[PDB]
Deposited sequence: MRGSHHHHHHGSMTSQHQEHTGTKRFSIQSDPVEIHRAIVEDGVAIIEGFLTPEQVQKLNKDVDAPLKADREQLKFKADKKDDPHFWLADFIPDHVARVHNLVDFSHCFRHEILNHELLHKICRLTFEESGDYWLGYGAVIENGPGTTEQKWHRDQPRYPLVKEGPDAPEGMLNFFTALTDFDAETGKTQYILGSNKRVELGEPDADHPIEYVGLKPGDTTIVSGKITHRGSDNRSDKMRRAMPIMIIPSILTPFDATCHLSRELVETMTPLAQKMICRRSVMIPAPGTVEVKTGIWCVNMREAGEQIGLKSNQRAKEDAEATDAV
């Protein structure tokens, strides 16, 4: 089944598993303290969403979602966006296309009563973008548990082998379903090629996942970042600024795009980095 790694594992082997299998698990990708911070950051927005074409209008019964985590989560913008293993894996995964950045960071909360989904792949279908077993990787979703994913709350089902297929496919003897159990802070790295579906939540608990969707930076993210203040952006590392569309990005020809004066976008406007954040201060 799906290879399970730790935070100390070789990114080369994690990348190999993603290429071969379409999916890999990192146990303890986040620490329990990080999980705690992230849950506290999204408690109020999730409660507000729940208490209520745009994709906001297509959220399934009993599911609440909150997007644009950079806007309001200190942990997300400083810890998650600088996650060293995430970056080692993404650099290898997207090497053919060049740099990568954040397609979106969100939390999805499946409440009791959430129903099993249809088989799908995560990658949007665009006429201009190559897709399929032999295409370059178009996305990686570090699908991170913030609560337990078990038999009751729902384990995501992956059709092993489906990353090699053109059609979504059905499980057979040689492509059985794996139901992936996760402890909070474990992540399943989901390629755009692997067929999967979430399960029923038939427990009494909220089941929360934080997709960290990474895409090649030649493609537009789902979550906009253009409204973020220069103040907030300047508290971030240069790497994390690059993940939110505030720095130039490299393409193989490497040369830069997303530029100012045909040069690096941040440097040309004097963009600072690593400045102290108001929320860390008294």
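Problem - Deposited residues absent from the coordinates (by C-alpha) - result: In the chain as deposited, 1-21, 74-85, 287-292, 322-326 carry no coordinates.
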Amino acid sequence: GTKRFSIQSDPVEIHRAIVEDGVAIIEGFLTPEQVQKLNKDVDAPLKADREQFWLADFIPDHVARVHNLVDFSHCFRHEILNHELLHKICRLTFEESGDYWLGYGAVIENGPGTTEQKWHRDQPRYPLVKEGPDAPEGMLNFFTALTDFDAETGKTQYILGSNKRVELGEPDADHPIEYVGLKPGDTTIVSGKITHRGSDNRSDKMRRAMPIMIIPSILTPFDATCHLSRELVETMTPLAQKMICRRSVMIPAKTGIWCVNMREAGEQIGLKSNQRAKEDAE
From here on, numbers count along this sequence of modelled residues.
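Exercise for the section: Tell me which of 201-209 and 104-112 has the higher mean C-alpha B-factor in the deposited entry. Expected result: Stretch with the greater average CA B-factor: 201-209.
Exercise for the section: On mean C-alpha B-factor from the PDB entry, just flag whether 186-194 or 162-170 is the higher one. Expected result: The stretch with the larger average C-alpha B-factor is 162-170.
Problem - Residue of maximum C-alpha B factor among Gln36, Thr220, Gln52, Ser248, per deposited coordinates - result: Spelled out: the listed residue with the top C-alpha B-factor is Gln52.
Practice task
Choose from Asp57, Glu234, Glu27, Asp41 the residue with the greatest Cα B-factor as stated in the PDB record.
Solution key: The listed residue with the largest C-alpha B-factor is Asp57.
Handout entry: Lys242 by Cα B-factor - lowest, middle or highest third of the modelled chain
Key = It belongs to the lowest third of the chain when residues are ordered by C-alpha B-factor.
Problem - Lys118 - which third its CA temperature factor falls in, relative to the rest of the chain - result: It belongs to the highest third of the chain when residues are ordered by C-alpha B-factor.
Handout entry: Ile177 - which third its CA temperature factor falls in, relative to the rest of the chain
Key = CA B-factor rank for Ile177: highest third.
Exercise for the section: Select lowest, middle or highest to describe the third in which the CA B-factor of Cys75 falls within its chain in this entry. Expected result: Tercile = middle for this residue's CA B-factor.
Practice task
Pull the Cα B-factor of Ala145 out of the PDB entry and bin it into the chain's lowest, middle or highest third.
Solution key: Ranked within chain, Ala145 CA B lands in the lowest tercile.
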